[PDB]
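J.: So that we are looking at the same thing, I have put the structure below in structure tokens.
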Amino acid sequence: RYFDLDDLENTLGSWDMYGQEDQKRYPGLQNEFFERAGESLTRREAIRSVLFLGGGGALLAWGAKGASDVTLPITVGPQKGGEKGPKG
Amino acid sequence: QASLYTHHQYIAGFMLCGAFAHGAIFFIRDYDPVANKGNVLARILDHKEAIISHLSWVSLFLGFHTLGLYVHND
Amino acid sequence: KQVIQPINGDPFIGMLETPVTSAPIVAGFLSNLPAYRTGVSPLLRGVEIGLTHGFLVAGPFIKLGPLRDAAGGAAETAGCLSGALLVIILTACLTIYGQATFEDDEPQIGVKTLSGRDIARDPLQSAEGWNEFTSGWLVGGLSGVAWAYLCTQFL
Amino acid sequence: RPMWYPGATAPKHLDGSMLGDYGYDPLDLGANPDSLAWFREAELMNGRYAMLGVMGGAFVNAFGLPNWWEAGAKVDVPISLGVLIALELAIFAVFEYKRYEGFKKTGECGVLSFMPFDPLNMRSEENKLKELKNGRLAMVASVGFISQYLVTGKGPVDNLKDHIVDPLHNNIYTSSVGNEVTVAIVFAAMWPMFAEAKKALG
Amino acid sequence: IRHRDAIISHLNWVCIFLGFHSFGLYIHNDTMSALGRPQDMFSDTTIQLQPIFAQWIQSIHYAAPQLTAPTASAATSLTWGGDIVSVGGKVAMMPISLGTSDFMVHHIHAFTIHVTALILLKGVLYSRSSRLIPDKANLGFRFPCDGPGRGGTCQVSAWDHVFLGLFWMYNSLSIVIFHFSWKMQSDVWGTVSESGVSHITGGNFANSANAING
Amino acid sequence: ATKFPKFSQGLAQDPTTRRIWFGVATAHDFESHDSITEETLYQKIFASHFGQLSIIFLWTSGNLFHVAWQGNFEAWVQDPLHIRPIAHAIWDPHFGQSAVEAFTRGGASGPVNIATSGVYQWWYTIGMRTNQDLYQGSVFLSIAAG
Amino acid sequence: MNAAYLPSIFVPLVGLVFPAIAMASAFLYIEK
Amino acid sequence: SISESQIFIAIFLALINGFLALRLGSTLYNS
Amino acid sequence: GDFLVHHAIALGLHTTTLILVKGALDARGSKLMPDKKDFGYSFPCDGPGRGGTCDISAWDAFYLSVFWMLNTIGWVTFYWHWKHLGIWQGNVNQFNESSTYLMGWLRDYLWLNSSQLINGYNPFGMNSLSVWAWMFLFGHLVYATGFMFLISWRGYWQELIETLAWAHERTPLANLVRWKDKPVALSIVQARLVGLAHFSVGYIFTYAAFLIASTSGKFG
Amino acid sequence: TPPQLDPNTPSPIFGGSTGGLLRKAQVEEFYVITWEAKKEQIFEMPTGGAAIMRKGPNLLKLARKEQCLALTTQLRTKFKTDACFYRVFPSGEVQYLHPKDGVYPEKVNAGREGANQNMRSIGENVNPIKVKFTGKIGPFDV
Amino acid sequence: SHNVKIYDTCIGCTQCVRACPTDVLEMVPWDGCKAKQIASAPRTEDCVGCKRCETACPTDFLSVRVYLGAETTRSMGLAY
Ligand SMILES: CCCCCCCCCCCCCCCCCC(=O)OC[C@H](CO[C@@H]1O[C@H](CO[C@H]2O[C@H](CO)[C@H](O)[C@H](O)[C@H]2O)[C@H](O)[C@H](O)[C@H]1O)OC(=O)CCCCCCCCCCCCCCCCC
Ligand code: CLA
Ligand code: CLA
Ligand code: CLA
Ligand code: CLA
Ligand code: CLA
Ligand code: CLA
Ligand SMILES: CC1=CCCC(C)(C)[C@H]1/C=C/C(C)=C/C=C/C(C)=C/C=C/C=C(C)/C=C/C=C(C)/C=C/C1=C(C)CCCC1(C)C
Ligand SMILES: CC1=C(C/C=C(\C)CCC[C@H](C)CCC[C@H](C)CCCC(C)C)C(=O)c2ccccc2C1=O
Ligand code: SF4
Ligand code: SF4
Ligand code: SF4
């Protein structure tokens with residue numbers, strides 16, 4: 001027998017298992033520096049898009065620019081002699 | 001040539017298999033037996049089996065005998 | 001006696017408690033993690049959680065990357081840069097999961113503790129609590145790879 | 001409401017409320033999914049810091065000729081690497097930390113109430129468009145000074161005199177991207193009609 | 001029957017685990033070949049993945065007829081660290097060496113043997129009734145779908161998990177053989193050539209087959 | 001209808017992912033939507049043909065443009081039998097020194113695909129004989145499709 | 001060919017960037 | 001041998017064929 | 001050899017039509033289920049009643065045609081290729097001799113052509129056909145994937161997802177991250193459609209690689 | 001007469017199993033069974049495993065109406081007891097499902113006014129043209 | 001929600017109503033029948049689509065024909 005139908009919260013076993021009560025266990029010495037470093041980007045579509053538009057541009061940038069390419073047909077690549085078929 | 005001749009055979013295959021599908025979507029939806037009573041479309045539906053049965057003979061004839069010869073030759 | 005029981009009374013709930021579910025150790029450990037606590041800001045978790053996952057992800061790249069031979073330490077930065085991408089990619093994923101599940105208007109859907117007590121729902125549910133976490137993840141995620149590099153060229 | 005002469009309709013997002021508004025919002029960015037007037041400062045700070053930009057590269061061709069692209073190259077000042085950058089790092093952030101963190105908290109007028117920097121404030125806020133308007137114009141020339149080096153390479157004024165000497169033969173339309181621009185000019189002539197045919201023909 | 005959702009779930013994870021690790025490592029080896037970068041493909045010259053334990057086992061048994069097997073003529077069999085044996089100019093049995101390509105295969109044996117356990121166990125535990133079909137027992141051992149409803153029940157019965165198990169049995173064992181047959185031709189069989197002991201395939205396995213390439 | 005399959009409310013409300021799968025595959029069927037009158041059914045169709053018809057032209061302008069740019073033409077025009085027609089170059093970030101070289105077969109510098117499409121002769125038997133002609137021609141189909 | 005630096009600019013943009021954006025935006029539109 | 005100048009002209013010309021589709025696909029889906 | 005093949009070709013055209021001509025005429029109805037006019041066009045079945053209807057619809061009828069379409073075209077494109085190969089290679093005797101019995105098709109046309117293709121990825125080095133050597137494998141793996149959808153039907157997978165949506169749901173650290181759209185084993189018809197896509201995509205890429213890289217390897 | 005509320009009837013003895021409620025129950029409806037007992041004995045549980053029913057009126061919580069009638073067909077045809085069940089969902093209100101008329105549907109009662117009937121034989125249905133672009137779910141509606 | 005509709009042909013055998021695992025079909029009394037009884041489907045909500053109905057109809061061509069509609073939380077029979 002269980003019931004307490006007045007509460008459907010305890011009938012579902014939905015209880016959060018490993019969630020604790022304890023408040024912040026973290027030091028104020030390092031608190032006040034990060035807590036103000038996170039909200040510089042708080043916003044939905046004007047920031048996530050910065051990651052797509054501005055963030056993914058290093059594929060563009062250092063894919064073309066920096067000469068660290070390894071065996072890339074981009075840059076170093078073909079430098080050796082080209083293969084010719086039997087017929088032509 | 002090879003890369004072509006095969007292209008236009010396959011791309012011709014799919015198009016016919018779609019010619020019959022929309023042939024079915026026709027009959028399943030926008031065909032009307034009333035206004036078509038006695039037409040040429042209704043005469044075909046009047047004998048379904050004859051068409052179905054004879055294609056079933058020709059496809060079996062070629063089935064046994066064409067395979068039956070390759071196996072005999074093997 | 002019998003060691004194994006259904007979770008906390010009712011047998012008809014899906015899971016049932018076992019030594020890796022309800023124990024002295026496992027109850028405490030999984031609860032100590034910067035995950036389940038209800039008493040710390042979500043911004044502070046991302047700067048914790050993401051801070052770790054940058055360091056350990058660098059390793060595979062900075063060790064077994066495409067280019068594992070360089071005389072300038074470039075084999076190490078080639079992994080740092082790419083390991084810094086899964087930092088930048090997952091930020092897109094994290095933030096995306098916020099605009100989907102959580103509506104700014106809808107309240108926190110988290111449930112209430114383990115036993116008898118209803119304690120204030122997970123401060124991270126809605127987009128506000130979530131987005132503060134995402135930027136937090138991005139703050140730490142950059143550090144983890146960074147200190148991984150510093151630990152590569154030093155220490 | 002001159003409003004860049006598309007014809008009549010501007011989107012509602014730009015009505016002429018904010019200063020300088022000609023109601024041009026092609027990409028629907030002038031909307032407010034987060035804010036808009038944040039763009040105004042972003043325009044303005046760009047604009048402000050831009051309009052003062054030309055002055056450095058402008059006059060240097062006219063005087064001693066270490067022109068801007070070659071300017072930051074040759075000097076004796078920078079002292080053993082980091083001292084060259086490291087000094088310039090702090091002083092901006094420390095005051096920008098104030099105005100950036102402050103004026104998205106202390107109110108949305110970027111250094112307008114001017115509490116950090118007190119001007120003579122004789123003219124003050126009415127003509128403020130004119131500031132914004134005079135810099136936006138210098139913004140566009142600033143792009144040119146790039147291509148002045150890229151396409152030609154001569155100094156901005158050394159390009160001017162060539163246009164003064166031979167007005168017909170110094171155009172972009174001859175050199176390089178001339179073939180490219182003259183197409184972007186054509187496709188910009190029909191541009192107002194396509195935008196207008198939405199309204200009229202719809 | 002009561003915790004069954006735990007058993008099946010974990011086994012279902014073990015397969016996906018081996019799916020990418022066991023099999024996928026060939027796809028790496030396949031691809032890194034075709035891109036002209038042999039330095040990468042897991043192999044003997046390249047990245048070493050060797051069956052430590054299995055190799056280490058063969059060490060004991062060739063050291064066995066010393067102390068752990070004091071009364072013997074010699075070790076039990078020659079697949080351990082023994083020496084070659086000939087008859088009629090043929091190799092009776094020589095030893096077998098376990099290299100990287102031997103490593104990668106056993107995990108494919110493991111991959112198939114797990115996946116085919118998933119299917120049969122799931123057939124037993126969900127034979128009675130599953131979470132989606134509570135009556136399933138009353139429909140018999142062998143039945144087609146219940147409905148087209150519920151997105152369709154097609155092939156839910158416990159006769160039908162044996163249907164599926166036979167394609168994984170077939171697959172599992174078939175590769176058990178191709179491992180055998182061409183390991184045994186590579187590293188054992190063939191005529192005794194005196195010098196060279198040339199095998200049937202000339203001893204190409206650990207080099208020959210790493211990727212699905214070969 | 002709010003959610004993704006805007007055109008059918010039976011899919012529009014589904015808790016599962018079948019809303020997603022059918023939403024893609026039920027799209028182009030215009031006889032089934034919320035309310036599709038006889039008139040507005042012909043509309044989207046006749047608009048769609050402009051889609052297919054424009055997509056084709058760009059696809060052709062690509063073939064022309066690439067052969068005009070990344071491929072050899074003049075060199076082939078001189079020796080149709082003894083040299084291979086080339087298609088777009090092979091850009092992969094993923095190669096070794098060998099596979100780059102081994103694919104540079106052709107007249108060009110980089111790795112390229114010998115083109116088995118066959119389009120390359122139908123230009124010459126119509127006749128062009130400059131990369132300019134191909135580019136000149138590859139612009140129209142870009143324009144015309146517009 | 002004279003344009004040679006283009007593929008390095010486009011292919012990453014069209015093989016990754018566009019599939020990154022069209023992965024995000026097409027997702028956010030599945031649920032509204 | 002194609003002049004580098006022509007190339008960007010074409011790419012910009014095909015850039016317009018990208019917007020006219022976006023303008024179409026909107027108006028068609030907007031219906 | 002020319003004679004015997006044209007009957008296979010002729011066979012393939014009939015059994016393809018036989019399927020499609022059936023699906024059209026039985027779209028309206030047949031003796032088993034004469035509701036199909038009003039039951040929709042593409043529907044999974046009428047349920048396991050009165051003999052267990054399956055593939056009873058007219059979409060499932062079309063569905064079966066593709067598998068024959070890919071033969072009767074496969075037979076053609078084969079028979080076209082290897083009559084020409086001999087003619088490009090200067091000999092009419094490879095075909096009309098060995099074309100009669102089915103082993104030459106396997107023993108001569110398939111065995112000789114495969115030697116050049118498989119040497120692309122060869123551990124000794126990359127040939128210029130290494131492009132096609134890989135894809136020819138990509139062609140099978142898709143074809144082989146296609147059987148997982150065609151053979152294994154839904155109810156098995158729907159009980160499997162149940163176990164996973166239970167595990168992800170009650171596992172720690174993944175409690176916090178959940179799905180909006182409840183995952184479900186995809187629909188009956190949806191699989192066959194997905195199944196026949198893999199079957200074809202795999203059926204094409206192998207023969208597209210074999211054909212090109214046989215005539216690119218030899219050059220007729 | 002027919003409807004009833006939810007008094008306190010205990011739950012049958014069982015030791016827990018992975019079959020049972022899930023995170024539907026939090027946001028979504030779930031069912032409840034109430035029957036009675038005479039002797040105590042064991043019954044198949046449809047969510048898996050076996051459970052001991054008490055000596056008297058009992059109450060269960062299942063996850064599906066489907067699972068629910070599996071257990072009524074169980075006890076009605078085997079131990080020959082009646083059962084009736086409910087629909088409970090988190091907003092707090094409960095509905096009475098199952099013989100809403102007070103009689104099992106298998107047997108006739110009066111007062112039932114049935115829906116979804118057609119007065120035509122099947123062959124007498126409309127063919128899909130005659131509902132075209134006007135629209136209905138199918139030829140059977142019209 | 002699935003659609004289920006019933007026809008003149010019913011013998012009133014109840015053999016449908018015994019089949020439905022969700023107890024949709026419910027026997028409504030009637031007149032013209034031999035046994036003077038007709039089924040009916042008050043809940044189209046909970047028809048899962050099993051078509052265990054259509055198997056049970058002793059009638060030559062069915063008295064019930066289930067027409068599958070869209071599929072909800074219930075009509076998918078989800079425990080998730
Ligand atoms: C061309 C692709 C583009 C280029 C390639 C891009 C990569 C492709 C990535 C795949 C992207 C699409 C994936 C689709 C998967 C979903 C398929 C599905 O579940 O789709 C199944 C749908 C489900 O059917 C529809 O299902 C509907 C479901 O009902 C819905 O619709 C009803 C109708 O109103 C109501 O709205 C109701 O509320 C709602 O439930 C209805 O039943 C419709 O009547 C019924 O038609 O079926 C259909 O309609 C069938 C329509 C498909 C017919 C075409 C099949 C051809 C087979 C391919 C041929 C082989 C090709 C190989 C090529 C190899 C060479 C390269
Ligand atoms: C110009 C030709 C043409 C036109 C206009 C149509 C138009 C139509 N057809 Mg149709 N069809 C055609 C040709 C055509 N078809 C051909 C050639 C075939 C045979 C293959 C078919 C077979 C067919 C069937 C079987 C069905 C239709 C249906 C439909 C209708 C809806 C289509 C739909 O929902 O697609 C929406 C878009 C999709 C479903 C895209 C799915 C992608 C497919 C599966 C291909 C995936 C493979 C891919 C290419 C692989 C990529 C390879 C790469 C990864 C390497 C619509 C009226 C359906 C209908 O009306 O039902 C009521 C239907 O059931 N057609
Ligand atoms: C190689 C495989 C294969 C073969 C041989 C067939 C054969 C056939 N299919 Mg089929 N089919 C196949 C694959 C195959 N299919 C696949 C993969 C699909 C996709 C699902 C289909 C889909 C399909 C459809 C949809 C249809 C067919 C049809 C047919 C028949 C066409 C007529 C014909 O050629 O008869 C030739 C018959 C044979 C060659 C049988 C050979 C057996 C010998 C002659 C007798 C037995 C030998 C020996 C005595 C056995 C001893 C056993 C031992 C116990 C003593 C035929 C029975 C059509 C049909 O019904 O035709 C009427 C039809 O509608 N099939
Ligand atoms: C070649 C065909 C093929 C393949 C690849 C599979 C694959 C699979 N089957 Mg299987 N199956 C097949 C045929 C096949 N089947 C057939 C013909 C049948 C008929 C009997 C079945 C019947 C069957 C059953 C009954 C079961 C499976 C199961 C499985 C899964 C085991 C887990 C696993 O290995 O995942 C790992 C994935 C791989 C090994 C695929 C390799 C691909 C590479 C490594 C990853 C690609 C990287 C990246 C994502 C590339 C994409 C990027 C791109 C989008 C840009 C797996 C998805 C079992 C399952 O799901 O439970 C575990 C299961 O119960 N199948
Ligand atoms: C790890 C394996 C791998 C990977 C990742 C790549 C990656 C690539 N190869 Mg490649 N290659 C490989 C192995 C690999 N290769 C091997 C082993 C060989 C043999 C030696 C080659 C030979 C080779 C050649 C010869 C060429 C490439 C090319 C390419 C590039 C094509 C990219 C592109 O245009 O995307 C676009 C990709 C597609 C359009 C096809 C995918 C279809 C998608 C996935 C279906 C989805 C459709 C649906 C509507 C969803 C829409 C998606 C949405 C995001 C828009 C890309 C960089 C090409 C290149 O560099 O220039 C183009 C080229 O010509 N490769
Ligand atoms: C549909 C035709 C088509 C196809 C299949 C390709 C295929 C390819 N092009 Mg391409 N191209 C085309 C037309 C086409 N081109 C046209 C008309 C132009 C003139 C602007 C170009 C200009 C161009 C350049 C400058 C380059 C390529 C390159 C490439 C290769 C890598 C993919 C890439 O970077 O594309 C990127 C291409 C663009 C951004 C141009 C716009 C896209 C064109 C118009 C095709 C759009 C059709 C498509 C269905 C649109 C749907 C998009 C979305 C809804 C899915 C690949 C072989 C690269 C290459 O050769 O490196 C090896 C490269 O550097 N293309
Ligand atoms: C057009 C498609 C495309 C392109 C351009 C690339 C490009 C690359 N791949 Mg890749 N890949 C692709 C498709 C593609 N891939 C697909 C489809 C698969 C799955 C089948 C893979 C699987 C794969 C693997 C498994 C690996 C690669 C690797 C690589 C890198 C080659 C090795 C190297 O020099 O790294 C050296 C790289 C650097 C020195 C720096 C790169 C960092 C850039 C400049 C920063 C990017 C910024 C941006 C935030 C990135 C996120 C994008 C997103 C946010 C929009 C190169 C960046 C290797 C790699 O990443 O290792 C490093 C590697 O191990 N690929
Ligand atoms: C099933 C379906 C749904 C409902 C309506 C719909 C009509 C679509 C119906 C039909 C669908 C389809 C695709 C039906 C037919 C398809 C096919 C295979 C059509 C092919 C017909 C072939 C024909 C004539 C050939 C006729 C004769 C020819 C060339 C030869 C002529 C000649 C000979 C033999 C020697 C040379 C000189 C000369 C005199 C010209
Ligand atoms: C494997 C399998 C599944 C499980 C397969 C699933 C759930 C597909 C999902 C796999 C991942 C999540 C997606 C695969 C990645 C694709 C590349 C996605 C393509 C996306 C485009 C369509 C846009 C079924 O649901 C099924 C149903 C009926 C008959 C046979 C089968 C069957 O064989
Ligand atoms: S498989 Fe699909 S069709 Fe064949 S019985 Fe099961 S449900 Fe009916
Ligand atoms: S429907 Fe079929 S079974 Fe149900 S009562 Fe009428 S006749 Fe008897
Ligand atoms: S199909 Fe719908 S109606 Fe027929 S039995 Fe199953 S649930 Fe009751």
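Going by the structure tokens order, chains are called A, B, ..., each with residues numbered from 1, while ligands are numbered from 1 in the order shown.
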Could you list the residues in chain B lying within 6 Å of chain I, using only C-alpha atoms, and format the result as a PDB file with N, CA, C and O atoms, in the first residue's frame?
T.:
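Writing done, so here's part.pdb:
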```
ATOM      1  N   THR B   6      25.826   2.550 -70.601  1.00  0.00           N
ATOM      2  CA  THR B   6      25.216   2.080 -69.367  1.00  0.00           C
ATOM      3  C   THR B   6      24.384   3.162 -68.709  1.00  0.00           C
ATOM      4  O   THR B   6      23.327   2.866 -68.147  1.00  0.00           O
ATOM      5  N   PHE B  20       5.130   3.011 -64.833  1.00  0.00           N
ATOM      6  CA  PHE B  20       4.100   2.114 -64.333  1.00  0.00           C
ATOM      7  C   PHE B  20       3.623   2.479 -62.939  1.00  0.00           C
ATOM      8  O   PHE B  20       2.445   2.289 -62.633  1.00  0.00           O
ATOM      9  N   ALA B  24      -0.035   3.111 -61.721  1.00  0.00           N
ATOM     10  CA  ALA B  24      -0.838   2.586 -60.628  1.00  0.00           C
ATOM     11  C   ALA B  24      -1.498   3.706 -59.840  1.00  0.00           C
ATOM     12  O   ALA B  24      -2.692   3.632 -59.540  1.00  0.00           O
ATOM     13  N   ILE B  28      -5.259   3.913 -58.778  1.00  0.00           N
ATOM     14  CA  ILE B  28      -5.620   3.882 -57.368  1.00  0.00           C
ATOM     15  C   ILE B  28      -6.424   5.107 -56.970  1.00  0.00           C
ATOM     16  O   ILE B  28      -7.168   5.050 -55.989  1.00  0.00           O
ATOM     17  N   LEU B  55       1.395 -13.045 -69.485  1.00  0.00           N
ATOM     18  CA  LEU B  55       2.731 -12.643 -69.073  1.00  0.00           C
ATOM     19  C   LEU B  55       3.342 -13.666 -68.139  1.00  0.00           C
ATOM     20  O   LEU B  55       4.563 -13.823 -68.103  1.00  0.00           O
ATOM     21  N   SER B  59       6.865 -15.402 -69.336  1.00  0.00           N
ATOM     22  CA  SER B  59       7.983 -15.228 -68.426  1.00  0.00           C
ATOM     23  C   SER B  59       8.461 -16.553 -67.865  1.00  0.00           C
ATOM     24  O   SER B  59       9.624 -16.671 -67.472  1.00  0.00           O
ATOM     25  N   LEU B  62      10.420 -18.455 -71.130  1.00  0.00           N
ATOM     26  CA  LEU B  62      11.776 -17.945 -71.145  1.00  0.00           C
ATOM     27  C   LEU B  62      12.518 -18.287 -69.868  1.00  0.00           C
ATOM     28  O   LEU B  62      13.747 -18.340 -69.872  1.00  0.00           O
ATOM     29  N   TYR B  70      21.514 -22.773 -70.580  1.00  0.00           N
ATOM     30  CA  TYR B  70      22.780 -22.435 -69.947  1.00  0.00           C
ATOM     31  C   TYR B  70      23.259 -23.553 -69.039  1.00  0.00           C
ATOM     32  O   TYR B  70      24.455 -23.843 -68.987  1.00  0.00           O
ATOM     33  N   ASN B  73      24.413 -26.439 -71.268  1.00  0.00           N
ATOM     34  CA  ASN B  73      25.697 -26.125 -71.878  1.00  0.00           C
ATOM     35  C   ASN B  73      26.813 -26.182 -70.851  1.00  0.00           C
ATOM     36  O   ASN B  73      27.936 -26.579 -71.170  1.00  0.00           O
ATOM     37  N   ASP B  74      26.523 -25.791 -69.614  1.00  0.00           N
ATOM     38  CA  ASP B  74      27.526 -25.847 -68.559  1.00  0.00           C
ATOM     39  C   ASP B  74      27.979 -27.276 -68.323  1.00  0.00           C
ATOM     40  O   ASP B  74      29.174 -27.577 -68.360  1.00  0.00           O
TER      41      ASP B  74
END
```
J.: Show me which bits of chain J are within 7 Å of chain C, counting only C-alpha atoms, as a count of residues only.
T.: 9
J.: So which residues touch residue A:26 within 10 Å, counting only C-alpha atoms, skipping near sequence neighbours fewer than 5 positions away, as a PDB file with N, CA and C atoms, in the first residue's frame?
T.:
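The file below, selection-v8.pdb, is the result:
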```
ATOM      1  N   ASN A  31      36.330  32.572  -7.835  1.00  0.00           N
ATOM      2  CA  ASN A  31      34.944  32.816  -8.229  1.00  0.00           C
ATOM      3  C   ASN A  31      34.802  34.100  -9.030  1.00  0.00           C
TER       4      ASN A  31
ATOM      5  N   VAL C  40      25.022  25.058  -7.039  1.00  0.00           N
ATOM      6  CA  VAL C  40      26.074  25.847  -7.664  1.00  0.00           C
ATOM      7  C   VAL C  40      25.586  26.315  -9.027  1.00  0.00           C
ATOM      8  N   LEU C  44      29.309  27.903 -13.496  1.00  0.00           N
ATOM      9  CA  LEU C  44      30.475  27.400 -12.785  1.00  0.00           C
ATOM     10  C   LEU C  44      30.721  25.933 -13.103  1.00  0.00           C
TER      11      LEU C  44
END
```
J.: How would you write, as a PyMOL selection string, the set of residues no farther than 10 Å from ligand 10 when counting only C-alpha atoms and all ligand atoms?
T.: (chain E and resi 143-149+151-156) or (chain I and resi 43-49+51-57+153-155+187-189) or (chain K and resi 50-51)
J.: Restrict the calculation to only C-alpha atoms, then for each residue of chain F with any atom at most 9 Å from an atom of chain I give the closest atom pair and their distance in Å to one decimal, rows by chain and rising residue number, as a Markdown table.
T.:
```
| residue | atom | partner | partner_atom | distance |
| --- | --- | --- | --- | --- |
| F:14 | CA | I:181 | CA | 8.2 |
| F:15 | CA | I:181 | CA | 5.4 |
| F:16 | CA | I:182 | CA | 4.4 |
| F:17 | CA | I:181 | CA | 5.5 |
| F:18 | CA | I:186 | CA | 6.5 |
| F:19 | CA | I:181 | CA | 8.6 |
| F:20 | CA | I:181 | CA | 8.9 |
| F:21 | CA | I:186 | CA | 8.1 |
| F:22 | CA | I:190 | CA | 8.2 |
| F:98 | CA | I:126 | CA | 7.2 |
| F:99 | CA | I:126 | CA | 6.3 |
| F:102 | CA | I:128 | CA | 5.7 |
| F:103 | CA | I:128 | CA | 6.0 |
| F:105 | CA | I:128 | CA | 8.1 |
| F:116 | CA | I:212 | CA | 7.8 |
```
J.: Extract, using only C-alpha atoms, all DNA, RNA and protein residues at most 12 Å from residue C:138, discarding same-chain residues fewer than 6 positions from it, and format them as a PyMOL selection string.
T.: (chain A and resi 34+37-42+47-48+51) or (chain C and resi 43-54+84-95+131-132+144-145)
J.: Please check which protein, DNA or RNA residues sit within 6 Å of ligand 1, counting only C-alpha atoms and all ligand atoms, and write them as a VMD selection string.
T.: (chain F and resid 8 10 to 11 21 to 22 24 to 26 32 to 33) or (chain I and resid 41 to 42 189 to 190 193 196 to 197 200 to 201) or (chain K and resid 70)
J.: Contacts between ligand 4 and chain G, please, where a residue of chain G counts if it comes within 12 Å (with only C-alpha atoms and all ligand atoms); show its shortest atom pair and distance in Å to one decimal, rows by chain and ascending number, as a Markdown table.
T.:
```
| residue | atom | partner | partner_atom_place_in_ligand_line | distance |
| --- | --- | --- | --- | --- |
| G:15 | CA | ligand 4 | 55 (C) | 9.7 |
| G:16 | CA | ligand 4 | 55 (C) | 10.0 |
| G:19 | CA | ligand 4 | 55 (C) | 9.8 |
| G:20 | CA | ligand 4 | 55 (C) | 11.5 |
| G:23 | CA | ligand 4 | 54 (C) | 11.6 |
```
J.: Quick one, how far is atom CA of residue C:101 from atom CA of residue I:176?
T.: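 Straight-line distance from atom CA of residue C:101 to atom CA of residue I:176 works out to 11.0 Å.
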J.: Go through stretch 21-185 of chain D and collect every residue that DSSP, computed from the backbone, puts in helix (DSSP H, G or I); the answer should be as number ranges by chain.
T.: D: 37-62, 68-71, 83-103, 128-152, 156-165, 178-185
J.: Within 8 Å of chain H, which residues belong to chain F? Use only C-alpha atoms and report them as a PyMOL selection string.
T.: chain F and resi 44+47+68-69+131-132+135+139+142-143+145-146
